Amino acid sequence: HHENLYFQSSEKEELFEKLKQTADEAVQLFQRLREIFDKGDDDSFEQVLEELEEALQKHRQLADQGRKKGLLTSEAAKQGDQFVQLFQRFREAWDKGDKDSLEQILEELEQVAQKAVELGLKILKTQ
């Protein structure tokens, strides 16, 4: 029989801890990606880019899991869609060698990332 995750305090807490753990790893990788980009190490850049893509995908799957189990769709979903779309453009600029678009998108990604940190952690307090 079905019960909303909202009312399963023990299982919901475990999901929320995994959400914060994967967010923390993705945010750490995003900050290292910025530092590597400034240093200009290609191999290190591509490595951290793949690790960040994998960490972001795991974070987003956990968010989808909570919503499938009953939680309402929060404003963090749409704001995270904005980050994912910009992040895919960033990766596509790197694939194509468009360093012009790369640096411009990265500045915009830094602002969207800070909003995602603030919005996601605020919303989690009352989900």
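Throughout, we count residues from 1 along the sequence that is shown.
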Original post:
Between 5-13 and 108-116, which has the higher average C-alpha B-factor in the PDB entry?
Top reply: 108-116
Original post:
Of the two stretches 96-104 and 64-72, which shows the higher Cα B-factor on average in the entry?
Top reply: 96-104
Original post:
Among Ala55, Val84, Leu33, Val27, where is the Cα temperature factor highest, going by the PDB entry?
Top reply: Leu33
Subject >> CA B-factor ranking of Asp43, expressed as a third of its chain >> reply: highest
